[PDB]
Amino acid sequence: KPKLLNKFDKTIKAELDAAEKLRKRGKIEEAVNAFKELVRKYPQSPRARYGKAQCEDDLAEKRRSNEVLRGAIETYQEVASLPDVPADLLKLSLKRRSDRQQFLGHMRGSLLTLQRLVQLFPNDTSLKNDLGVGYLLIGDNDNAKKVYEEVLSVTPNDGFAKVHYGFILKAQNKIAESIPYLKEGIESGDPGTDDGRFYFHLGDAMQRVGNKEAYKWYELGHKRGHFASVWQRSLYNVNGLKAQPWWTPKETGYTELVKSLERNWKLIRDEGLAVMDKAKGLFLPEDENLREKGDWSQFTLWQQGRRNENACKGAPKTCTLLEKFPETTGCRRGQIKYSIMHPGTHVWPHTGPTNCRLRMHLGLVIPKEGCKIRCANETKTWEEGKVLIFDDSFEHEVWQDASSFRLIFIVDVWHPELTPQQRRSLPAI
């Protein structure tokens, strides 16, 4: 189907085929040398250069080496620099370059390739969609939005562009506007639309507008293997981990951590209050669009398993106390932070990103009435000097209707059933 041979490459098809057959049989080492031989003999051959790249690519797989793949990335570029490159081969080479750049984490470099691909092929809609993804990976939602707007004006029915346009709208807090795009995009069934992210966000957007159809989408996402359950909708999961909304200290096995938090809770409180009084700028407003209303700020001591040295200046005894517990200071998928919430605050129902952590809440300043937290179908309250534990990968909701501020201390721990190797290898969140 795809024609990858220009006029000259057709005259050396036997040599090119002989080398390609070696690569297909997994004889990577022999195939690399064969294509290198063809590159020296035919330095202008696009197919010879592409074969060298593909062989380097397959070598990285067998070797599991980044550096081998990085070499293939340059060779894929070399193909596009050669003269008289067939269009199918040109697209295949630069697309695989982008895909491998993103695989390695080179998102900025993948963008340039994707911009070049769109310039070379202005009528290819799928490449524009791929360019939009390139923008979303570096955090450039403004440019990603334009790309999908450009696609939708030419192809209004493209489901991939729809879910991504809807996703961008929802991230911009345009909840009502995002629903038709997310819903029509998933319903389209186009490749790429069956993604847990769009199920997760479509149901959330519906909950925020009072649409009772939200949980139908949660059930469908669960039915298509994106969600472990209707109530537990995290997307970065290690399958098989015990899943329950609420945990007791015994069940977690972190009894020594809990004891230390409850026995020393007053010093933890006092250092938080001192920061409130004399260094309030260390408390930063929640910035994930999780509030319907109210005031909610957090003072973070650890994130992604990394201590914030300057932040710990404000709570030195607390940070020293926590250094003894690597189950939380080493939790690269959690944080340690003070959380202050004021009256008139409601936090939308929401789910955390991962099932690999449990959340400990130590009450520090808890008004008598007005403060409560629901996880799954069960609502509970904080207590000063006491620890609550819940799995925030389950839907949970919070209210603050007291007459003064509520201060808690939040300590994330690895899911107890995670092995040491898993705790060291899992990418940080």
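Counting begins at 1, following the sequence as shown.
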May I ask you to compare 49-57 and 63-71 by their mean CA B factor in the entry and name the higher one?
63-71
Tell me which of 254-262 and 229-237 has the higher mean C-alpha B-factor in the deposited entry.
229-237
Per the PDB entry, which option out of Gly134, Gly185, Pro353, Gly344 has the greatest Cα B factor?
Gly185
Taking the values straight from the PDB record, which of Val413, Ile410, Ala14, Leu407 has the highest C-alpha temperature factor?
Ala14
Ranked C-alpha temperature factor of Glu384 among modelled chain residues, by third:
lowest
Divide the modelled residues of the chain into thirds by Cα B-factor and specify which third, lowest, middle or highest, holds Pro249.
middle
Is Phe299 in the lowest, middle or highest third of its chain when residues are ranked by C-alpha B-factor?
lowest
What third of its chain, lowest, middle or highest, does the C-alpha temperature factor of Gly26 fall into?
highest
Among the modelled residues of this chain, does the Cα B factor of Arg374 put it in the lowest, middle or highest third?
middle
